């Protein structure tokens, strides 16, 4: 509604029409880096707060992983009106990823296909970006209480998947509110097989353990140990790909229950969309509108399978207050956006927060927490 947002969104639409996606993506990241994007300075509704365990979100919308892989634009992105962002996915060593162009959008179906292949500057460089973010944060009143999770993964050619995760934890864990374990990218060969249950249980317990050791091995009080938002050790979530068996899902559910994981991100992109014409050429995982139903059903299933015991972070095809309410009613406690920013632009968090609040009122819910899981 504001003019700053209005002008940027025209520009963004122009870019969407004329300019390659990855290039546009990076241009807006660079404009955020230089602090020339608009801010949402509005108080968020106390009735749409949410939490995962003791991690509290001032509103229920965050930016999904893969958006700001390297943490170069964290302040500007949160300042668009998001309560949190998941940076990464990061790996121990930097990787260039797959040959470009490797991201395409289909404006008509509001859908995206990418085969990025975990391109990122590497754990050490991103840790230094996140540290500078944490320092800015102590000085920047609009960043107070905003959450930064870190998605962490394996280098493509890795000796020890678990070892890669430990290396990332050891480096960046002190600066993270939460850690997301990503064994779900379509785009690194294998990796996805790391969703095998015995393997996954060991992954999850190795990660909680490396985090536990961060707490142990240093002498400072928590307030100085955790240079993050919570002042507590990061929670542990796992991100799940939606292309799985019911049996696979049930198995994963039991490993999540067995290991007392703090949450699950449902879901990553799908390789099962066949009917987007412009994508016929293409290899990779599809995001956006055409993922929404698959992702929502998957939320229902895992909530059920896990007996409502594991909080869900929703991802996939969320554009509108209605889409968000569906995620929440299926069982999600919090939502992440990606595609919506691409097609709808900079106003997305402002607009969707407003839409969800009105909806919550119309359906006669007292607050958002009351709606979670109401089938």
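Residue numbers count along the first chain shown, from 1. Between two forms, the rigid core is the largest collection of C-alphas that superpose within 1.5 Å.
Greater average departure of CA atoms from the shown form, over structures and residues in 8 other deposited structures of this protein after a core fit, characterises 140 to 148 among 140 to 148 and 175 to 183. In 8 other deposited structures of this protein, superposed on the rigid core, the segment with the larger root-mean-square CA displacement between 155 to 163 and 202 to 210 is 155 to 163. Per the PDB record, of the two stretches 107 to 115 and 241 to 249, 241 to 249 carries the greater mean B-factor over its C-alpha atoms.
Stretch comparison (137 to 145 versus 194 to 202) by mean CA B-factor in the PDB entry places 194 to 202 on top.
Considering 267, 287, 83, 188 together, the PDB entry gives 188 the largest C-alpha B factor. Based on the entry's C-alpha B-factors, the most elevated value among 128, 177, 75, 280 belongs to 280. Residue 221 sits in the lowest third of its chain by CA B factor, as recorded in the PDB entry.
Among the modelled residues of its chain, residue 257 has a C-alpha B-factor that falls in the highest third, as given in the PDB entry.
Sorting the modelled residues of the chain by their CA temperature factor places residue 306 in the highest third. The deposited CA B-factor of residue 207 belongs to the middle third of values across its chain. In the PDB entry, residue 79 places in the lowest third of its chain by CA B-factor.
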